[PDB]
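Written out below as structure tokens is the structure these notes cover.
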Amino acid sequence: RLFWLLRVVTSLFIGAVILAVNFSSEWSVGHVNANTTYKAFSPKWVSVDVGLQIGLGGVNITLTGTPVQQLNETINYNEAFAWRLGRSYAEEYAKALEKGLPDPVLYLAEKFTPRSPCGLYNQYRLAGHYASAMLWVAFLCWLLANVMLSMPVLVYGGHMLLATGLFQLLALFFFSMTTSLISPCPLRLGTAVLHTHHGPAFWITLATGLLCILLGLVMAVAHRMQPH
Amino acid sequence: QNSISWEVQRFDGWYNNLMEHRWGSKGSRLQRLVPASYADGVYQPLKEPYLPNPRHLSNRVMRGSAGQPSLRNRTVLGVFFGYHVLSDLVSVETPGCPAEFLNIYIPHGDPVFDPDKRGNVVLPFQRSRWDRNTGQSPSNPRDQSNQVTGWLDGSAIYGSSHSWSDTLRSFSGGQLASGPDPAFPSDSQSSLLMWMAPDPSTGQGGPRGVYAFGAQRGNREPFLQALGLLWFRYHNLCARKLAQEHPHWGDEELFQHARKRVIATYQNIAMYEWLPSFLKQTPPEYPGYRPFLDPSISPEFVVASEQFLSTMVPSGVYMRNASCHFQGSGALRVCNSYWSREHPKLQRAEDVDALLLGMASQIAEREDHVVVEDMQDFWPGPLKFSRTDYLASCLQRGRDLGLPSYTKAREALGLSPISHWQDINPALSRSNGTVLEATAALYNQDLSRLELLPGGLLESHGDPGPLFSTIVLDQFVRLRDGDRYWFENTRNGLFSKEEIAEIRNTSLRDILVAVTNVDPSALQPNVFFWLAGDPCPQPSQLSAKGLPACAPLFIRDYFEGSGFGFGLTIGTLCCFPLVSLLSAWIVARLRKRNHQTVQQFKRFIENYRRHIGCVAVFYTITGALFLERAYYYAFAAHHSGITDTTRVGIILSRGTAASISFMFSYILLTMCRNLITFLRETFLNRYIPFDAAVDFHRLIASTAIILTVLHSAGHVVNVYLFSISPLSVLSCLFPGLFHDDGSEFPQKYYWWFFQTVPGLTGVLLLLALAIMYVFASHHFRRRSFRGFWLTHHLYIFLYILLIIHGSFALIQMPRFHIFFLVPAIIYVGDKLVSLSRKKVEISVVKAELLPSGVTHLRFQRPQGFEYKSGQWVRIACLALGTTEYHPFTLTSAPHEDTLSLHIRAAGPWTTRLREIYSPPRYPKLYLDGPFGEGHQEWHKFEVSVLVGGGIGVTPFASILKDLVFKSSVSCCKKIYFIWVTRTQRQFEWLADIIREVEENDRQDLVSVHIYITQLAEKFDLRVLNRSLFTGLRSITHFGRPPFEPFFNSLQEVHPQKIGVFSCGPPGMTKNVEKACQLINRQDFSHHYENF
Ligand SMILES: *[C@@H]1O[C@H](CO)[C@@H](O[C@@H]2O[C@H](CO)[C@@H](O[C@@H]3O[C@H](CO[C@H]4O[C@H](CO)[C@@H](O)[C@H](O[C@H]5O[C@H](CO)[C@@H](O)[C@H](O)[C@@H]5O)[C@@H]4O)[C@@H](O)[C@H](O)[C@@H]3O)[C@H](O)[C@H]2NC(C)=O)[C@H](O)[C@H]1NC(C)=O
Ligand SMILES: Cc1cc2nc3c(=O)[nH]c(=O)nc-3n(C[C@H](O)[C@H](O)[C@H](O)COP(=O)(O)OP(=O)(O)OC[C@H]3O[C@@H](n4cnc5c(N)ncnc54)[C@H](O)[C@@H]3O)c2cc1C
Ligand code: HEB
Ligand code: HEB
Ligand SMILES: CCCCCCCCCCCC(=O)OC[C@H](COP(=O)(O)OCC[N+](C)(C)C)OC(=O)CCCCCCCCCCC
Ligand SMILES: *[C@@H]1O[C@H](CO)[C@@H](O)[C@H](O)[C@H]1NC(C)=O
Ligand SMILES: *[C@@H]1O[C@H](CO)[C@@H](O)[C@H](O)[C@H]1NC(C)=O
Ligand SMILES: *[C@@H]1O[C@H](CO)[C@@H](O)[C@H](O)[C@H]1NC(C)=O
Ligand SMILES: *[C@@H]1O[C@H](CO)[C@@H](O)[C@H](O)[C@H]1NC(C)=O
Ligand SMILES: [Ca+2]
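Protein sequences appear in the order of chains B and A.
Residue numbering for the first sequence follows the authors' numbering, starting at 50 and increasing by one per position.
Numbering-wise, the second sequence is residues 22 to 349, 358 to 623, 1028 to 1353, 1360 to 1410, 1414 to 1464, 1478 to 1511, 1514 to 1540, 1544 to 1551 according to the authors' numbering.
So this is what it looks like as structure tokens:
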């Protein structure tokens, strides 16, 4: 039975990775440890580590200090600003600007607002909307390929296993057109820069898509040359 | 952690005062000295039936010569430094929008904007931004909002946000981003940031030559550019001076150390050198920081400073160098220089070096009502025109913002009130006072109607009038007594106690001498005044005599060259069916290469009580889904944004976009064969007819295409009306897709069609439909079953383009998946159930050709094949055509070896099948097993009465043969077979099956009766106790089946409840049930059947 367990666990991993990647905010990940101003009404500079995470539906600015007790305080922030078709980014930024978040968090939150010189809103709101529907299509295809892993002829299941990885790669391609404009947009925090590059949830999807394409090609070759 | 030992000043203006943060920020709302004076009281402005026509008030008073000197000798550098300060403070000019206009009606015969006496010509004008939380009731009327930090914090040099001060910075030391010339900012990042309007004198409107400044519109003249450049170069100079005494400072400890010094010098100048000259009285003093004074910019301040400064802007400005040479006629005019891209004179640093020294030595115009032509008749128009009246737009804006009258706003400021017109300006009434009467005749001699601007311009004799002066003064005192970062405040720790006594001693000459690198004796100590001893005497007052002429008006015409292209694109959109029809003709030709009418209507309504119900319910559902969105987009008008531009082109689209998203989605419940095969045997076939699925399928496909043609002919009109609307309306209809800079030129039609996801996917869908519908018609399905079956699989492409199509936020949210989830699920399930089982391949044994169309096929019985009497199968011949399956009712008993199928000729596939097997039996078929419950319910009654009629008598041959076999062999009693018909035309094989049945029935278990039911319109159709014609002993009565007397007398011939199973048309299937019920109140299941 050692083969059937693997044949089930592989499909389970594919489905779980589609579901997890479609909701994980680690597509583009940047990080830096700089000296920045803390907040208003205080000339005191703190030493923190600022990093953002773009996840097809919003960002996560995380400003935490090198120590977690800097100025009779404790600095561990993790705020989210969502631009997906449900919520609004402008209202979230305008409601966070009243609460008095630390200055670099508001800085990095401003960059993605609508009608900003950099313009990182109308190219991210479309990527996180197309590369996120081409991960639901690549899940419907996975369900159908699992249903065709039974009494129905298995060559159609193999074709749908091709389609799963094909749609995964077609989704991963749409989050590649959002690197030509995030690189020009400067993110100079104090005296340090904050570079963003494709994160884990962009490589794991590539690996899963390649695995699905290879499995499909092998199934096609097998059922075309040796019906075993 | 570094050398920045203070609080870095925010760019957006927030968090400036402790208690309330919002006060001076990027989007605060303007307070009011006097409550709103709107028409109703909420948001409607006064108009022309109440107050005079703007263009008619801007010709009677504010028009005159352009050769009058100022009274205080105010040089023309102060006139253009005020335009910079008041761009630092307030900006209420950007049109905010749920797109709403109030236009300027030009009178008849205006020598400029209406020279051909051409009746009425309109001059557009759009309302400015407003606060979304205000404008709902007379308790909080509409309040505008300024788009620049309301503090004097150099928000015109460094931009008014943090994502704006980063694009115009270089991070090379502390230096704003220069260009190829170290004294000119970068024209490269000029596109996303700045305001780019077309030069009205030439027409060019590109981002090449538009510098990058802090004010969004600092290029409105080469004379505001010439001060933006001064402050830019001064910042660079002081920062590269800092970088040479503290070399170990980064690229931030230099920017934030030059920024505060530039800001402090700017504040010192704009407060203690410009203001004591604009209004000729020094500000009182600096008391300590007052954390409670409300520093909010009011509209009355806008009108009192920014729109009053225009009374002394001259016609042309000089240009001199450091030794009084006024050539470089030699004075560039103003009406041609608006939004100048690349001026031939001002191309190098030594040209602005000269423009500034020429502005600092020219005496501006006089401060009175008279405004020059270069703004009154030649101000760059915002839309639809080239030129536009300035003052006739300042009046429309003073009416838009809800400014008070001139007496209300004068008695609400503590000033003494005026009684009549003759005492508005007691000095103007002593010499040429005809202007006071000429403006009185405009208001019907009603003094308490004067707008804020005309009154103030009429009152200002040599200085700003007693009204504007107090507004400007108290506003500029609340702007420093409520500013925390005011350089003189010794509590924010910005400056030391001495570094203030060196910023309070920095005039504007000590900046021109520093930047322009000139000697200190080439200018005067007070740049804002020329007082008869200062160097470079002005040659002569610059009238408009000896200057170039002003470029004339030209109306901008959207949709100008792209009319033939639009027509041709629509024509090609129309000839999708024609190209597909010609291609289909080619494919076919090359595949060849190898009082009784009331009774008729009663019979109609009797047979079709089940088709009308379904058709009416489906069409009612579709009509409801249409009217919902139609009534919505007609009488809701969410934000009234798009409902005002396109009224019909959006209803005709949003209704037929919800109707077709339902039709194209529920057209799949028809071709789910394995569900109908089950349902048609339940109690449902008495309500909805399942044997008309395919007819219903063709009927739902023929309606969706009409609705789609409407849905496309609506969006053609939408795309046309979206190709002539200004950018300042498309930036409000479709935010995120458009952005409102001054270009005002929207995308062409082909951008809408072939460069947008909905448009391109819609063109592809039109092509796919024009292929599928034409190739799947009757004339291209009878001619070839392979063209049909090949093209018709495009519905997958169709259903991918339909999910890609609405996936965009133009008008609403996508809604197709809601309609498409369940039907696609059911269809794919019943397609998997079809693909699961196997299709055996049988060989025809003997298929002889019977007359009248029926074809008695015979073929062997596979080993794993067992069926009950009455179950149908599905066959597909591959000798011609495709894998098209067709159902057929078995007409053979289960006990005999090979099973048969009598196939009646009923169309293309069946005529082909008859043509193939003509004159045999060679080819093969694809059997698909039995299909049905196969009820044997007549084996539990003592007697049964089968009543089959019309087409539904096909499944009775096998039933009769099986009954007689089980009767004779197995050793139920007296089962009757009353079969009624109309003609007995195609069911002649049954007339011989009945003979072969009666011959094999020795126990007399089957009795048969026939009824013909025709009236004299017949062919006439038609010994040993039989009939010589057919040879069967069963009287075939030519009347009409008597049911009630039959079952009535049946109870007498034998005392036995007996089944009344019946199949056929509803007109008989219900009549037999009625006849059964008419006797049940006595000593009769009447159980329907459907095989
Ligand atoms: C992306 O961001 C979202 C939103 O944050 C994440 O979703 C939230 O996840 C947390 C995880 O526990 C859930 O639980 C909440 O956690 C809150 C953490 O509190 C921090 O932030 C507060 C305000 O943002 C802040 O006040 C607080 O202390 C700070 O302020 C004090 C007073 O000013 C000061 O004295 C302190 O020194 C300190 O500076 C923390 O910094 C917690 O406050 C809540 O009570 C709650 O338990 C949230 O519920 C989640 N959000 C929602 C809407 O449910 C998401 O996980 C992020 N993405 C990823 C991948 O992690
Ligand atoms: C002896 C005999 C027994 C039959 N028994 C049955 C039966 O038990 N159950 C049954 O449903 N049909 C039955 N049929 C109908 C049979 O499908 C038609 O005779 C045949 O489909 C004609 O095909 P065509 O190429 O002429 O189609 P067309 O002339 O295009 O079709 C004419 C009519 O046939 C119907 N039709 C077409 N294709 C199908 C299909 N795949 N399934 C159902 N209806 C279709 C259409 O709705 C239309 O009203 C029987 C026909 C014959 C001749
Ligand atoms: C939407 C989509 C669609 C459309 C539009 C259409 C349109 C149409 N159509 Fe259809 N169909 C269809 C979808 C469709 N369709 C389907 C899905 C089917 C089935 C297929 C299978 O089953 O495979 C059909 C099928 C079909 C058929 C056959 C069936 C059998 O045989 O079984 C026919 C005849 C038809 C016709 C038609 C016509 C005539 C038209 C036009 C008018 N179609
Ligand atoms: C199929 C058929 C069809 C066709 C052919 C078309 C064609 C078309 N189209 Fe259409 N549409 C449609 C179907 C259609 N369509 C639909 C169904 C819709 C809806 C979607 C949803 O609802 O989601 C639309 C929608 C739509 C829209 C909206 C979008 C959104 O909302 O998102 C638009 C704009 C359009 C356009 C168009 C055009 C331009 C065309 C061409 C001309 N469209
Ligand atoms: C989930 C699977 C569902 C399958 C489909 C079930 C429902 C099918 C119903 C449609 C069938 C069909 O339109 O057929 C088309 C039919 C032809 O019918 P036929 O087959 O020749 O009749 C067989 C006849 N016998 C049974 C006697 C043999 O012409 C008609 O209708 C004529 C009636 C027109 C009704 C007009 C209604 C007006 C509404 C006005 C609204 C404002
Ligand atoms: C941040 O500040 C600490 C404080 O001492 C300093 O040691 C460190 O060098 C600074 N880092 C940078 C990158 O300026
Ligand atoms: C100023 O302009 C005059 C006029 O052409 C020219 O001769 C002189 O060289 C210029 N520069 C000076 C005086 O520095
Ligand atoms: C300081 O005093 C006055 C104030 O403007 C000024 O005229 C004088 O030149 C200044 N002294 C300098 C700059 O040495
Ligand atoms: C204004 O400038 C002119 C130019 O010559 C001069 O004659 C006049 O005296 C100046 N005004 C005053 C008040 O000095
Ligand atoms: Ca400002």
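Using N, Cα and C, we set each Cβ at its ideal position, and we do this for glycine too.
- For the C-beta of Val29(A), the chain B residues within less than 9 Å are, from N- to C-terminus, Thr86, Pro92 and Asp152.
- Pairwise C-beta distances place the stretch 195-214 of chain B in contact with the stretch 1263-1271 of chain A, as three or more of them are shorter than 8 Å.
- In the DSSP assignment, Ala260(A) falls outside any beta strand (DSSP E) and within the unbroken alpha helix (DSSP H) covering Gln246 to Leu263.
- For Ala343(A), the shortest C-beta to heavy atom distance toward ligand 7 is below 8 Å.
- Rounded to the nearest whole angstrom, the CA to CA distance from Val242(B) to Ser176(A) is 25 Å.
- At a cut-off of 8 Å, the beta-carbon of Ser73(B) counts as near ligand 1: some heavy atom of the ligand is closer than that.
- If you draw a straight line from the Cα of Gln1428(A) to the Cα of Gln1304(A), it comes to about 21 Å.
- When rounded, the separation of the alpha-carbon atoms in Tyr1041(A) and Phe1498(A) is 22 Å.
- For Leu537(A), DSSP records no beta bridge to any residue.
- For the stretch 157-172 of chain B, residues whose beta-carbon sits nearer than 9 Å to a beta-carbon of chain A comprise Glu159, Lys160, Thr162, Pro163, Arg164, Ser165, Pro166, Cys167, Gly168, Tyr170 and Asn171.
- The distance from the Cβ of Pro119(A) to that of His1072(A) is about 5 Å, consistent with a contact at the 8 Å cut-off.
- Distances from the CB of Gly387(A) to the heavy atoms of ligand 7 are all 8 Å or more.
- Under the Cβ distance rule, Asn23(A) counts among the residues neighbouring chain B, one pair being separated by less than 9 Å.
- The Cβ neighbour count for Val501(A), taken over all protein chains shown within 10 Å, is at least 16; the residue is labelled buried.
- In chain order, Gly271 and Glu273 make up the part of chain A whose C-beta sits under 7 Å from the C-beta of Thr240(B).
- At a cut-off of 9 Å between C-beta atoms, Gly149(B) counts as an interface residue with respect to chain A.
- The alpha-carbon separation between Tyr1318(A) and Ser1217(A) amounts to approximately 16 Å.
- In this structure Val82(A) does not touch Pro409(A) by the C-beta definition: roughly 23 Å separates them, more than the 8 Å allowed.
- Around the beta carbon of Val270(B), fewer than 16 other beta carbons lie within 10 angstroms, which makes this residue exposed.
- Here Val143(A) carries a strand assignment [DSSP, helix/strand/coil].
- The three-state reading of DSSP puts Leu300(A) in coil, since its state is none of H, G, I, E or B.
- For the pair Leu238(B) and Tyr156(B), the CB atoms are nearer than the 9 Å cut-off.
- Beyond the five residues adjoining it in sequence on each side, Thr1485(A) comes within less than 7 Å, by CB distance, of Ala1433 in the same chain, given in chain order.
- Distances from the CB of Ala291(A) to the heavy atoms of ligand 10 are all 8 Å or more.
- Under DSSP, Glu128(B) forms a beta bridge with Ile110(B).
- For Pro159(A), same chain residues with a beta-carbon under 7 Å away, outside a window of 5 residues either side, are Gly62 and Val63 in chain order.
- Listed along chain A, no residue sits closer than 7 Å to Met183(B) by beta-carbon distance, the nearest being about 10 Å off.
- Under the three-pair Cβ rule at 8 Å, the stretch 1114-1132 of chain A counts as touching the stretch 1028-1048 of chain A.
- The residues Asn167, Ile318 and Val323, in chain order, have a CB closer than 6 Å to that of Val111(A) in the same chain once the five nearest residues on each side in sequence are set aside.
- Chain B has no Cβ within less than 9 Å of the Cβ of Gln1426(A).
- Collapsing the DSSP output to three states places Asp98(B) in a strand.
- Relative to ligand 3, the beta carbon of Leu1200(A) is positioned no closer than 8 Å to any heavy atom.
- For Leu1290(A), the three-state secondary structure derived from DSSP is strand.
- Closer than 8 Å to some heavy atom of ligand 7: that describes the Cβ of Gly349(A).
- Relative to ligand 1, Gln102(B) has its C-beta within less than 8 Å of a heavy atom.
- Any Cβ of chain A closer than 9 Å to the Cβ of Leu210(B) would place that residue at the interface, and such an atom is absent.
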